[PDB]
Structure formats: C-alpha cells, structure tokens
RNA sequence: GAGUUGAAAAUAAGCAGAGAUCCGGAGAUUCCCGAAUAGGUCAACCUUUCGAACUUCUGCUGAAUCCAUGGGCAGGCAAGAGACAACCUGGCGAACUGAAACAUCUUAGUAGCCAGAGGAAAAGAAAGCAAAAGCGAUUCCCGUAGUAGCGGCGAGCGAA
RNA sequence: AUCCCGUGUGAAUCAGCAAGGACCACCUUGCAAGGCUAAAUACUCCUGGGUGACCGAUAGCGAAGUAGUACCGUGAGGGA
RNA sequence: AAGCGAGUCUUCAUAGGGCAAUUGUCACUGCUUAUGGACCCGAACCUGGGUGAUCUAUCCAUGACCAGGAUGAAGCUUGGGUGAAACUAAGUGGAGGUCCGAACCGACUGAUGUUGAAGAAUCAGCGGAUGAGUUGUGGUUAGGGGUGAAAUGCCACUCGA
RNA sequence: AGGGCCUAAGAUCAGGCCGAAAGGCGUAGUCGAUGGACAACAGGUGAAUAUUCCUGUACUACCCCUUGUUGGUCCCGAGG
RNA sequence: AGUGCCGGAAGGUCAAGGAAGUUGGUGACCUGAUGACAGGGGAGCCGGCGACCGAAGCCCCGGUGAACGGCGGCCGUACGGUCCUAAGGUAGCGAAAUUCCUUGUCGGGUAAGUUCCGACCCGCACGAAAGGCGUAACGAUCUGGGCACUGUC
RNA sequence: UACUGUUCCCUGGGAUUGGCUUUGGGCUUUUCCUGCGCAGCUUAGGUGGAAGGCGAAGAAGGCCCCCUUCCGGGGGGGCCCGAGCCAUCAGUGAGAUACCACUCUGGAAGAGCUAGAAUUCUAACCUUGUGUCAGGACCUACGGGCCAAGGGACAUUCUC
C-alpha cells in the first residue's frame, strides 16, 4: 500500500497533459522507502516504511513524539 | 536549486579525526543519523 | 363473551359459562443450512475431544536479547462480523453520444463497480461576505439570470 | 485570485498572520494548520388513514390461478 | 467606454453623416422554435461489470487400452582371416516415429440424403493403427484475454475479438 | 463401493510480503482418487433386494482370562 | 551508398535546473506649472529578460549482408568504345507452380497431342539460406503414358 | 517514414545520501610584475595628483645565482663596496613605475568562494549463508533476531 503510516500521505491523481492537451490519468506516488530508524529509549533499529518528509518530521520531533499519532508501536 | 544540510552537533566520544569530547562544530545530517546517533557518540542542540 | 379444533371442509375424538376459539401487550421454545463460528465439506451432511472460530477487551504467563514484542493457557453474555428498496457519504471511474467529421471540449465526475452509515446523510459556528453603507454558523425554496462571465470565443458551460 | 494535492524547499505570532480575483501601497474584514452539533432538505422494500376527468384481464406490477412458477440455458441470465 | 442626455456618437472641430427624439401588461387556448428518448419501429457497434475450459486448443496428475500375422537391425557366438585390427560365412537376436491388418482413432473418393432417419449422418470403399499413439477420471489457462506442429483456427451448434 | 486412513495434479492458506477497494503472492498446515492402505465365499429363498436375508463353512478389528516385562504414548532418527 | 544494428575522439546542436547581471511595478521622501494630476523615487516586497555552466539523443566517424535490402544503360566490330551507379548477377538452373506475346521453335511419344517428356534461350519479370541445384526412399500429393479390366461409352 | 499520445527503455536535476584526502577548474580582494610596427639612452596600454622624491628607515658600480625572454635587454635574493642617484632638458601621436590617483592587457604567492574529479572508507542503501539462535517441538520449510560475507553512496525506489 502506497501510504506513509506517519504523515498519512497517499498517491495523487494527475491528468498529465501533452503539449496538445490530450490527457491521461496517472498516480504521482509518495516518495516512500524501507529504511531503518533509530529509537531513543530502546536504541535499536526499527525497520520501517516511511516517506521522505517522515524523516524530516522524525529529525524534527523525536520518534515517540511522531509515533503517538499512529497508535501502533514496539514493532 | 540544492540545499546544504547544517546540523548543530555536540560530541561525546573522542572521535578518530575531528573530536574533542566537546566540540560545537557543524556537519551534515548523514553523520548524526547513519553513523553517530545509532552508536550513541553525539547529541543534537 | 359463544361456539370452536388454519385454506380448501369430509370423517374421527376432543375442548368449551368453574368462561374456551379469538383479539391485543409481554415472555418461553426455535431440528439442519446460511455471517457459520469445534474440524471437514460437493449448503441443508460427515467427523468428533461436544467446542462463539477469529480478532480489541482481562487474568496469568514467558521466545529468540535485560525490559519489551511474538506466542501459549485461562476466564468471559461476548463489543465486532452478515443482511437491508431507494435516498446519502467516501474510493475508483467509462463509452456511445453532441460538436452535423475529430483530438481540445461535451457526454460526466454521469452509468457502473467497491467500501461505509443513518433515519436522514453531509455540511456547520467565519483566517467568511461586502464596500466605506453594512451583514453576522450552516442547509433548502423563490429570485437575481439565462445576466456577469468561460468557451477549437465553436458545440456548448454558466455564477455569486 | 480563492480551495486542495505529489515532489523539493521552508516562515511569522497579534509592532503578528490571512483575505478583499495577478501584483505593491493604504484602508476594511477576519482569525487557518484540534474536534462536536438538532431543524428546515432528499427518498419508498414498507405500515396506517385518505383521494383519483387512473387500469379492468392483449390493460394494470412480469405476476387477479399454490409466478419469478412452467419452460429454456453448463453458467451468469432469460421468462410465459 | 468614461461620460453626456432629447439628444448623442463620429473630429483639429465644424459643416456633413449614423443611431435616437418614445410605450402597455398578466393570463387562457392554439401555431411554430428550443431542451429532454421528443412522431413510431429498426442497426453494425463502443464501453463498464460479471459468467463460461461438461464442447474444443495446450498442458498437468493418475489409471486403462493396442486381435492376429509378417520382415529381420545393432550386438553376441562359432568358423574362415590377420603381428592385432579390418573384413567375411553361418547361427543366435527381436530393434524399428518398420510392413499387412481388427478394436481404437481419423476423414481421401463416390453414391445416398437436402420441409433428412441425422442442424455433417448412412452406405461402399479409404489413412494411421508401439507411437509426435488413443482414451477414462480429477484438474489448469479467460476475452484490450487464453490457446494455437499457425487456419485468424478453437475457447459450450456463437469468434478478424 | 465410498467416508470414519493416506497423500498427487490442483485447490485454499494461519502468521509473512504486496496492493485505491475488491484483492494478488506464499510457507506452515488442511482439503483433494483417477493412485496407495485395508477383512467372505458357496449353495438357498423370492411379485420386486441379495458377496446385504437364509444354511453351511470362513476372515478383520476391539473387551475377557493364563503367562508375563516394567514403564507406556507421542513426537522423533532410520529401514521399507 | 540508403535503412537497421554494433562500436567511437573533438566539434556543432541541446531540457529541466542553477546562475553574473539588466529592466519594470509599487513606494517613505524631495520637487512642478496652471488645471485638477505629474517628475522622480531610498529601503523592503513583487514580477519579467538572462553572459556562463548543462547529459543522453541527433548530425559527425568506423564496422557489419545465413542484417532490411539491391544486383545497369547506349553505340560499334567472341571483341572494343562511352556513360551512370553503392554495385551492376558468379555458380547453377531456364518457356518452369515463374513465359505476357504463346498452342514459342525443334525432336520424342500418338492415325491425329493448346496437356506430357528432352533440347534450345528472345529469363516481359529465375538465382544462391523469403537459400541455388541435385537426390534413393515415402505421398487418400499434382501431372502425362502403358498393360490388365470392365455397361464409362 | 499518417496525426496525436501512452507504455518499455536510456539520460540529466532533485530526495534517499555520508566521510576524508590530492590535482588544476571558474570567480572575488591583498600585493607584484608584465606588456620591444616607427622616433630610438626607452622588452613604453590609456590616462593622471603635478615638479622633488630618495638617500646614512647602512648608498653608486659590481660578484654569482634566481624570475622573465617576441633573446632587445628588463627585474631582483644576499653582500665585498660605502651614502649617492638624479624630474622637466633633445628625439615622440604620449611622458618618464623620482613620489602617487585610477584602470585595460597578461600573469606570480597567499586568503576566501564554490564546483569538477579519481580512489578508498563505511555507517545509510542492496545482496548472500546444509553460519548460528530458539515456543511443549521443527526452519536443509517461507520468514524473524544475532554475528557475519560481498557490493557500496553507486545501484534500487519517488518526483521533475
């Protein structure tokens, strides 16, 4: 599923247009990733699927601050 | 366009090259996130 | 309050003024299949150890690592599940057609599928309108008006 | 312009911020990035009560008879 | 257009010229016009969502089947013949997308049939018939698809969708 | 003969991965005979059943009792 | 040569994206003549225009034909002259499942043969892996001739 | 080899995305040189504050090496020497880097500013294990944890 569990971001609809306006539909996906994060208390790896902006939010406000807004934790 | 990442790294371990166990020098977030703060060798201001 | 034991209506035996048959409100029962749920299955059956399966509730436990998580055993009336004409909210989303052809455009965010819930639903209490004059959350009808507009400035679309 | 979104950037805090159909100045209006909320409004598988310049068995529901039956189709489905 | 107004626009800015200097409205009924299927019946199609591999195309798993009769390969043995091989006569042997031919599977020719006995048959003959063979059961593949020893053939008397 | 045993093709699939929804992949298992594993024959009878009822003679699986051994049972490592 | 494919310097062409600079809007604040607005215009905030850097691709350069494909005219006496082209068909076969003209002509087969067999070559318009030419076997294959056989006649 | 698009694929900018190190890019300041058609003591680009700088803040000439070199003759490290050298003057379209103001050409040391590199590193990221680790029991059954091995900020993935 193309959903970041933290930001709640989805893919977006887009009628991506030619020079002549002969449209289609396609999805502008989210810039997700499988990546390890570093928990403060535990001090372990956490193998998660996040957005790029999720990283920015985690580096802003420490994991547990962010992770309360998506109920599930302790893997 | 591009933007350089500048973080406010305080140290803990001696560090092979640049450290003091008390520097206030700045680096990219790739040092803190991937190398140091996993190992517990530094902290953010 | 007088005759009844469903429909077609025949028999046989009963129950009825100490009050039936009936009518209403509230309860009890409800084989098997079906969300199906002890396990299996070719729906209405077969096997059992006779069991609400599965999940969040709640009691203990104790993995790979301390804590923890997975997991196992318990108690549980035990909340959930499925169904439902239209209306409605959200997701995906056509083409024929019209443009006397056709690709922008139109058909239309319509039909369809998918998910969700109520008696309505959604909206909704100004980071709003409006003009130097004022109004005070939404929603629905009349109206402004087929006006201001947008538009291969074509077909058409069309506000406040 | 206003409203919402993928990508990347990335503010300020009422000496503030946003809107007033690019945009700047001055006025005026409001306070975004947390929530909840009856009514008037939409509809008919359906119940009760009423009405009809509605139908009367080739009509009216497909269906006035034990009809979605008989029958057809592998099946979805069609259908007296 | 600002604006002006019985006038106004046109322009050094006149003269000239254009357009003005006025007049009901609400119903009912008809006739036409417009929008909706729009006088009625009638396409081939397009798109969406479902249902089909009991027919047939390929494959898979498991079983089953192929009367009877022919031919005589490689090898092997024993002689003949070599320094030994080579080569050659007889035996043995039972190969083969081998032969002839029932069941089985097909479909070349004709005749018959043509409101048929049958929505592809009957009859007389035909090819393969131990293999790239036939076939029962239970499965797999799905329509912008599948499958195809390839004809656009087959995918439930439907197939250029 | 099937089921109460076993598995193949195939199916469904806990946890797990992936996907607007519907769902897709996939292990542990669980189903799934067309295969493996398993114990009965003759004669007799009768409107309609017979390896099923009758008569004779059989066989498989359990509960008695005589001897016993101290553990069994499942998982499990092999033969087959 | 063309196209395809493969490989290859420098040069040209070259997007998004940056980027030194130009030019406009707005405006505190100074200023200007009778006509009712006009000159500038600091900071900030807005918008445009962009010297330079910027890949692949393409042009450009080489190689490749069991890669797509293509394999000539005109004039004179086997032999020469001359033009065009990337190059002008080699072996083989040839009137053919290719041949129009056409029942080509010649020979064989028959009393007589627009079909058949062999040869010629004027190959309209065969040709070497869309293979060329041969070939024992095999064919419910096409196409000629004979024997036997008969109501096919 | 019709028009317009869509996909597969390739290529760059940006995110994921880190680190040192040397070599020779562009631009910005300090300071220093440099720059011989012809007049000819002048390897002088245009122009200018306008006539004493400088010297004993250890000098003319020279020893030998260094920078530049269109090989005409500039510029300069230290010192034997020892405190002089010299500006208009005559040749020129111009006057003397005697002091010094401002800049074109082309270059030498430092400082900043970024960018282009190649390599390696490893900690992101990718990939391997009949390597090990266990619930009541298995994983030579998918996967999970742990050490590890190989790649390596490329690659993959998102956007433009």
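Don't worry about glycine lacking a Cβ; one is built from the backbone with ideal geometry, like all the others, and counts go over all protein chains shown. None of the figures in this text is laboratory data; all of them are computed from the coordinates on show.
Do you know which residues across the range B:27-39 are in contact with a strand residue (DSSP E or B) (Cβ under 6 Å, 6 or more places away or on another chain) and either more than 11 Å from chain A (Cβ to nearest Cβ) or within 16 Å of RNA strand F (Cβ to nearest atom) (or both)?
Residue satisfying the conditions is B:27 alone.
Might you check whether a residue that is more than 19 Å from residue B:35 (Cβ to Cβ), within 14 Å of chain B (Cβ to nearest Cβ), away from RNA strand D (no atom under 13 Å from the Cβ) and surrounded by fewer than 13 Cβ atoms within 10 Å (Cβ to Cβ) occurs anywhere in the range A:45-59?
Checked the range A:45-59: no residue is more than 19 Å from residue B:35 (Cβ to Cβ), within 14 Å of chain B (Cβ to nearest Cβ), away from RNA strand D (no atom under 13 Å from the Cβ) and surrounded by fewer than 13 Cβ atoms within 10 Å (Cβ to Cβ).
For the range B:5-12, state whether one or more residues are without any contact (Cβ under 8 Å) to a residue 60 or more places away in the chain, away from RNA strand C (no atom under 16 Å from the Cβ) and under 17 Å from residue A:63 (Cα atoms). Give the derivation first.
Restricting attention to the range B:5-12, the residues satisfying the condition of being without any contact (Cβ under 8 Å) to a residue 60 or more places away in the chain are B:5-12.
In the following step, the residues that additionally are away from RNA strand C (no atom under 16 Å from the Cβ) were identified as B:5-12.
Add one more test, that the residue is under 17 Å from residue A:63 (Cα atoms), and what stays is none.
Looking for residues that are without any contact (Cβ under 8 Å) to a residue 60 or more places away in the chain, away from RNA strand C (no atom under 16 Å from the Cβ) and under 17 Å from residue A:63 (Cα atoms), one finds none in the range B:5-12, hence no.
Find the residue count for the range A:7-44, including only residues that are near RNA strand C (Cβ under 9 Å from one of its atoms) and either within 14 Å of chain B (Cβ to nearest Cβ) or closer than 18 Å to residue B:33 by Cα (or both).
So the count comes out to 4.
In this structure, does residue A:42 turn out to be outside any helix (DSSP H, G or I), within 14 Å of RNA strand D (Cβ to nearest atom) and surrounded by fewer than 15 Cβ atoms within 10 Å (Cβ to Cβ)?
On the way: outside any helix (DSSP H, G or I): yes; within 14 Å of RNA strand D (Cβ to nearest atom): no; surrounded by fewer than 15 Cβ atoms within 10 Å (Cβ to Cβ): yes.
For residue A:42, the condition - outside any helix (DSSP H, G or I), within 14 Å of RNA strand D (Cβ to nearest atom) and surrounded by fewer than 15 Cβ atoms within 10 Å (Cβ to Cβ) - is not met.
Given (1) within 13 Å of chain A (Cβ to nearest Cβ); (2) touching a residue at least 12 places away in the same chain (Cβ under 8 Å); (3) surrounded by 15 or more Cβ atoms within 10 Å (Cβ to Cβ), identify the lone condition not met by residue B:44.
Unmet condition: (3).
Quickly run through the range A:33-44 and pick out the residues that are in contact with a helix residue (DSSP H, G or I) (Cβ under 9 Å, 6 or more places away or on another chain) and near RNA strand H (Cβ under 6 Å from one of its atoms).
A:33, A:35, A:36
Which ones in the range A:5-24 are touching a strand residue (DSSP E or B) at 6+ places or on another chain (Cβ under 6 Å) and assigned to a loop (DSSP other than H, G, I, E, B)?
Taking the range A:5-24 as the starting set, the residues that turn out to be touching a strand residue (DSSP E or B) at 6+ places or on another chain (Cβ under 6 Å) are A:11-12, A:14, A:16.
Those that are touching a strand residue (DSSP E or B) at 6+ places or on another chain (Cβ under 6 Å) and assigned to a loop (DSSP other than H, G, I, E, B): A:11, A:16.
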